[PDB]
Every structure is written in structure tokens, then in C-alpha cells.
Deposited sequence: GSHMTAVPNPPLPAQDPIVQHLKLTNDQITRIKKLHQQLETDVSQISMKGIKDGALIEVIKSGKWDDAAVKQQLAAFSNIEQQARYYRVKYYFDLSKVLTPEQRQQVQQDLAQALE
């Protein structure tokens, strides 16, 4: 669950940010990318489909591994929008908060 680049992000592109705001959020986004790339991501599901034999333990395990990774990624995504909103005016913040809610 990655936030798009600010230039591509629907949540921020319609905010009418100043150049100073743009620079700060770009820095936050690079740092988001840096952090997520550091999350350890160490064919399982396809084999059980291919074998025709259900392997309950292997499925639960692979899915727990993937959920654990995604969870961590989502932690940084949440922080990213939290940090981003610090550089906003109250109006902009309310727009961001509303946009995030609509995404649910």
C-alpha cells in the first residue's frame, strides 16, 4: 500500500500547495520510499493450487508473512500522511483528512 508520488497523488495534487510545501512533501515521500524499501520481504500459494492438495499450514504461513510485510508498509503510509499534514493550512488539512476518509 504505497502513496503515489506527490506529482501523481490525487490527495495532494488538488491542494494548490506552495513551492515550499511541495519541497517538504517530496522530501517526506523520498523518506517513505527509503523506509519501505528496508522492510524485509524474505511460489508457495501457486504450488498448493498446482498440486491439487490443500496445504493449510503453508497457506496460513505465506499469508501471515505477506500480511506482516504489508502491515509495516501501511505504518509508514499512515505516518507519511500524518507528517505531510503538518505543513498544511487548516483548510488543506481538512481536505486531506476528508480525502483519506473517503479512501477508508
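Sequence ranges 1-7, 50-53, 116 have no coordinates in this entry (deposited sequence, numbered from 1, C-alpha basis).
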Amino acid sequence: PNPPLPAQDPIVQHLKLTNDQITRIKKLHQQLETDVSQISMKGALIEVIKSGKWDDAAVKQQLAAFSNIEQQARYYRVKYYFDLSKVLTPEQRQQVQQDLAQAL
From here on, numbers count along this sequence of modelled residues.
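A summary of the deposited B-factors shows that, of 76-84 and 14-22, the stretch with the larger mean C-alpha value is 14-22. For the segment pair 52-60 and 27-35, the entry gives 52-60 the higher mean B-factor, averaged over Cα atoms.
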